[PDB]
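Protein chains in written order, with the UniProt record's numbering: chain A, 20 to 89; chain B, 20 to 89; chain C, 20 to 89; chain D, 20 to 89; chain E, 20 to 89. The beta-carbon is built from N, C-alpha and C at its ideal position, and this holds for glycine as well.
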Ligand SMILES: O=C[C@H](O)[C@@H](O)[C@H](O)CO
């Protein structure tokens with residue numbers, strides 16, 4: 020389901036090789052290695068991201084995310 | 020066969036590590052890793068892509084795509 | 020041997036995970052995975068590339084290229 | 020620990036295959052190859068970065084970094 | 020030592036997977052495949068780069084490089 024739709028206000032490369040983004044005032048992270056360069060490209064180029072997940076509370080893991088232009 | 024032609028409406032990183040793009044009203048996906056950064060960049064810059072595949076209805080897989088600045 | 024000098028008219032991710040470019044009306048492929056985001060960038064920014072190989076016919080494999088800002 | 024917040028002043032690919040960045044007048048290195056294209060991306064677009072690590076002297080190793088677009 | 024300081028005039032993916040750049044009249048090559056996308060980016064954007072090496076004569080190899088903005 021759709022956890023968070025907005026820009027990335029920040030992203031963070033973590034010690035455990037995971038990647039966090041803050042979207043709509045909610046941090047989420049992912050262990051999808053290959054997602055990384057993609058998220059940072061979204062951030063850098065002001066894309067709207069939709070973070071899609073089973074569990075949507077601030078701090079959970081994710082592996083699905085849509086990229087929209089806007 | 021030329022399935023779709025146009026800009027990427029949106030893209031989506033999928034839970035099974037496949038990558039989906041929407042072109043001329045239809046959704047297609049790839050499981051070629053190397054394809055993701057490539058599709059993203061294309062969307063970012065408004066490239067015109069031609070998805071080429073075996074079947075062309077929405078939901079189809081593809082491993083072939085032409086990039087134009089068209 | 021300089022097979023084709025110019026700008027990339029279009030680029031293609033092949034079914035067989037190789038990469039095709041078209042330059043001064045002739046098409047070339049590389050199996051060099053490394054070269055993809057590179058070729059893609061040169062197209063995006065309209066660089067002059069010089070493709071190089073021992074055999075200069077259309078749909079020949081190549082493994083060397085010069086990226087210029089010409 | 021927030022070791023340094025600012026813009027990346029320069030970056031350097033090291034002989035030993037680590038990667039250094041200068042932020043708020045201090046040098047930090049990382050061995051996470053994955054950070055390299057992100058950090059160069061952040062520099063070119065003058066994002067503000069926060070280097071995070073256990074220890075903060077100049078010439079320390081780090082693997083945690085926040086990317087602000089702000 | 021510092022071999023050359025300036026913008027990249029051209030770059031070249033060699034057959035052997037090495038990557039050659041030309042800076043201030045002098046060619047150098049690296050076999051660090053991670054350097055490739057970083058060096059193409061610096062060329063596209065016109066960063067000043069510093070090739071650091073044990074031997075500075077044109078045509079020699081390097082495994083260290085610094086990027087600066089503008
Ligand atoms: O062999 C490594 C795997 O390919 C892994 O990197 C996945 O891509 C994680 O998303």
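TODO: Report back the beta-carbon spacing between residue 28 of chain A and residue 39 of chain A to the nearest angstrom; my notes put them in contact at under 8 Å.
DONE: That pair is no contact at about 11 Å.
Task: Distance between residue 33 of chain D and residue 55 of chain E (C-alpha atoms, nearest Å) - done: 14 Å
Task: Nearest-angstrom beta carbon gap, residue 84 of chain B and residue 69 of chain B [assumed within contact, 8 Å] - done: 7 Å
Task: Those residues which DSSP pairs with residue 45 of chain C across a bridge - done: C:42
- [ ] Please decide whether residue 63 of chain E counts as near chain D, where near means a Cβ-Cβ distance under 7 Å.
- [x] no
TODO: Compare the C-alpha of residue 35 of chain B against each of B:51, B:75, B:43 and name the closest.
DONE: B:51
- [ ] Check whether the Cβ atoms of residue 59 of chain D and residue 57 of chain E lie closer than 7 Å to each other.
- [x] yes
Open item on the list: Considering Cα atoms alone, identify which of B:24, B:25, B:48 is closest to residue 77 of chain B.
Closed with: B:48
- [ ] Would you mind stating whether residue 31 of chain C and residue 65 of chain C have Cβ atoms separated by less than 7 Å?
- [x] no
Task: Inter-residue spacing [alpha-carbon to alpha-carbon] between residue 75 of chain B and residue 81 of chain B - done: 9 Å
TODO: Measure the C-alpha to C-alpha separation of residue 89 of chain B and residue 41 of chain C and round it to an integer number of angstroms.
DONE: 14 Å
Open item on the list: Using a Cβ-based criterion (distance less than 6 Å to any ligand heavy atom), does residue 52 of chain A qualify as near ligand 1?
Closed with: yes
Open item on the list: Out of B:63, B:24, B:72, B:73, which one is the CA nearest neighbour of residue 87 of chain A?
Closed with: B:63
Task: Where residue 69 of chain E falls: helix, strand or coil (DSSP) - done: strand
Open item on the list: So for residue 88 of chain E, helix, strand or coil by DSSP?
Closed with: coil
- [ ] Reducing DSSP to helix, strand and coil, say where residue 61 of chain A ends up.
- [x] helix
Task: Chain-ordered neighbours of residue 60 of chain E on chain D, where CB pairs are closer than 9 Å - done: 56, 59, 60, 63
Task: Interface flag, residue 30 of chain D vs chain E, CB-CB below 7 Å - done: yes
Task: Backbone CA spacing between residue 73 of chain E and residue 37 of chain E [nearest angstrom] - done: 18 Å
- [ ] Consider the Cβ of residue 34 of chain B: report whether some Cβ of chain A lies at a distance smaller than 7 Å.
- [x] yes
Task: 7 Å Cβ cut-off: residues of chain A touching residue 82 of chain D - done: 34
TODO: Leaving aside the five residues before and after residue 43 of chain A along the sequence, list all residues of the same chain whose C-beta is less than 7 Å from its C-beta, in chain order.
DONE: 23, 24, 25
Open item on the list: Checking the sheet assignment: what are the DSSP bridge partners for residue 26 of chain C?
Closed with: Per DSSP, none; premise fails for residue 26 of chain C.
Task: Euclidean distance between Cα positions of residue 21 of chain D and residue 20 of chain E - done: 33 Å
Open item on the list: Let me check one thing: in DSSP terms, what residues is residue 15 of chain B bridge-paired to?
Closed with: Any property of residue 15 of chain B remains undetermined from this structure, which presents chain B solely from 20 to 89.
- [ ] Would you mind telling me which residues of chain E sit closer than 8 Å to residue 52 of chain D, beta carbon to beta carbon, in chain order?
- [x] 53
Open item on the list: Counting only C-beta atoms, is residue 38 of chain C closer than 7 Å to chain E at any point?
Closed with: no
Task: Same chain only: Cβ atoms within 6 Å of residue 79 of chain B, ignoring 5 sequence neighbours per side - done: 47, 72
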